[PDB]
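> Next up is a structure, given as structure tokens.
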Amino acid sequence: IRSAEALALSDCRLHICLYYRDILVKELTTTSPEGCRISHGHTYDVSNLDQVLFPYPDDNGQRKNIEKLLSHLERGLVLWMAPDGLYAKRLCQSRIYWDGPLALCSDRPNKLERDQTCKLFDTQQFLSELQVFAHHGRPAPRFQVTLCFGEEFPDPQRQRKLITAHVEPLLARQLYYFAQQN
Ligand SMILES: [Cl-]
Ligand SMILES: [Cl-]
Ligand SMILES: [Cl-]
């Protein structure tokens with residue numbers, strides 16, 4: 001019905017944040033409709049997906065372990081927004097834990113199967129959550145995906161998980177922002 005809502009619903013862009021031990025080390029908005037791949041090291045092939053590369057870690061302290069983890073993130077993780085919603089495909093050797101709107105607490109821990117497409121966010125469910133928000137004012141609809149690479153919990157020797165990501169479809173962010181203006 002509203003043409004601004006149609007635009008948001010049409011948008012395939014993802015907002016992505018990468019953390020090394022709970023420190024922001026990278027933040028971007030994807031531009032490609034085909035999706036994006038998060039990985040370690042340049043790949044010299046043809047691909048219509050955005051290449052999000054893990055940045056070089058800081059020299060101090062946990063560098064050796066992060067590097068080992070990065071070596072299991074070479075092939076990386078493919079993410080893309082369909083009209084349907086947000087999809088994920090793990091291609092890497094490193095295990096990938098996720099939390100998000102399609103996840104349960106009973107289902108936890110939530111792991112991405114290698115080479116298997118998993119759906120992390122669904123637009124119809126989101127629109128339903130968005131309706132509940134519009135009527136009652138709570139709760140905020142859920143649309144953030146959380147990813148940890150390699151670790152289900154922070155190591156005994158370390159306070160934080162080594163590498164974490166945050167993914168938001170801009171579609172949800174903008175629709176929620178709209179709903180807040182009223
Ligand atoms: Cl590309
Ligand atoms: Cl790579
Ligand atoms: Cl890998």
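By convention in this document, the chains of the structure tokens carry letters A, B, ... by their order, each chain's residues are numbered from 1, and ligands are numbered from 1 in the order they are shown.
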Identify, with DSSP run on backbone atoms, the residues in range 63-92 of chain A assigned to helix (DSSP H, G or I), and express the list as a list in words.
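Reading the DSSP output for range 63-92 of chain A, helix (DSSP H, G or I) covers residues 63, 64, 65, 66, 67, 68, 69 and 70 of chain A.
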> Please produce a file of the residues just selected, as a short mmCIF file (atom, residue, chain, number, x, y, z; two decimals), in the first residue's frame, where the atoms kept are N, CA and C atoms.

data_model
loop_
_atom_site.label_atom_id
_atom_site.label_comp_id
_atom_site.auth_asym_id
_atom_site.auth_seq_id
_atom_site.Cartn_x
_atom_site.Cartn_y
_atom_site.Cartn_z
N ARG A 63 46.68 -12.62 19.49
CA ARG A 63 46.88 -12.65 18.04
C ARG A 63 47.10 -14.06 17.45
N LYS A 64 47.85 -14.89 18.15
CA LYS A 64 48.16 -16.22 17.65
C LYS A 64 46.89 -17.09 17.53
N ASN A 65 46.01 -17.01 18.53
CA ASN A 65 44.77 -17.79 18.49
C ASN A 65 43.79 -17.26 17.47
N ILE A 66 43.70 -15.94 17.34
CA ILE A 66 42.79 -15.36 16.35
C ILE A 66 43.23 -15.78 14.96
N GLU A 67 44.53 -15.87 14.75
CA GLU A 67 45.08 -16.25 13.46
C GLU A 67 44.72 -17.68 13.14
N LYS A 68 44.73 -18.54 14.15
CA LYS A 68 44.36 -19.94 13.96
C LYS A 68 42.90 -20.05 13.56
N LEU A 69 42.06 -19.31 14.28
CA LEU A 69 40.65 -19.19 13.95
C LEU A 69 40.45 -18.67 12.51
N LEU A 70 41.13 -17.59 12.13
CA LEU A 70 41.05 -17.04 10.75
C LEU A 70 41.38 -18.05 9.68
#
> Using only C-alpha atoms and all ligand atoms, find each protein or nucleic acid residue lying at most 9 Å from ligand 3; present the set as a list in words.
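For ligand 3, the residues inside 9 Å are residues 39, 40, 70, 71, 72, 73, 74, 75, 76, 91, 92, 93 and 94 of chain A.
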> Please write out the residues within 6 Å of ligand 1 as a count of residues only, counting only C-alpha atoms and all ligand atoms.
5
> Could you tell me how far CA of residue 53 in chain A sits from CA of residue 165 in chain A, in Å to one decimal place?
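Value for the CA of residue 165 in chain A-CA of residue 53 in chain A distance: 12.2 Å.
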> Could you give me, as a VMD selection string, the residues within 9 Å of residue 173 in chain A, counting only C-alpha atoms and dropping anything in the same chain fewer than 4 positions from it?
chain A and resid 8 143 168 to 169 177 to 178
> Restrict the selected residues to N, CA and C atoms and save them as a PDB file, in the first residue's frame.

ATOM      1  N   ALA A   8      11.270  -0.456   1.341  1.00  0.00           N
ATOM      2  CA  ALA A   8      11.944  -1.161   2.425  1.00  0.00           C
ATOM      3  C   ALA A   8      11.841  -2.660   2.200  1.00  0.00           C
ATOM      4  N   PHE A 143      15.063  -8.726  14.834  1.00  0.00           N
ATOM      5  CA  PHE A 143      15.612  -8.743  13.497  1.00  0.00           C
ATOM      6  C   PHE A 143      17.123  -8.691  13.505  1.00  0.00           C
ATOM      7  N   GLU A 168      22.041  -7.256  10.422  1.00  0.00           N
ATOM      8  CA  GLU A 168      20.684  -6.722  10.336  1.00  0.00           C
ATOM      9  C   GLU A 168      20.260  -6.506   8.889  1.00  0.00           C
ATOM     10  N   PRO A 169      19.109  -7.068   8.504  1.00  0.00           N
ATOM     11  CA  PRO A 169      18.581  -6.654   7.202  1.00  0.00           C
ATOM     12  C   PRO A 169      18.129  -5.200   7.294  1.00  0.00           C
ATOM     13  N   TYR A 177      11.982   1.542  12.298  1.00  0.00           N
ATOM     14  CA  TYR A 177      12.124   2.994  12.369  1.00  0.00           C
ATOM     15  C   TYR A 177      10.827   3.746  11.955  1.00  0.00           C
ATOM     16  N   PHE A 178      10.214   3.326  10.849  1.00  0.00           N
ATOM     17  CA  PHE A 178       8.925   3.849  10.415  1.00  0.00           C
ATOM     18  C   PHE A 178       7.867   3.695  11.491  1.00  0.00           C
TER      19      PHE A 178
END
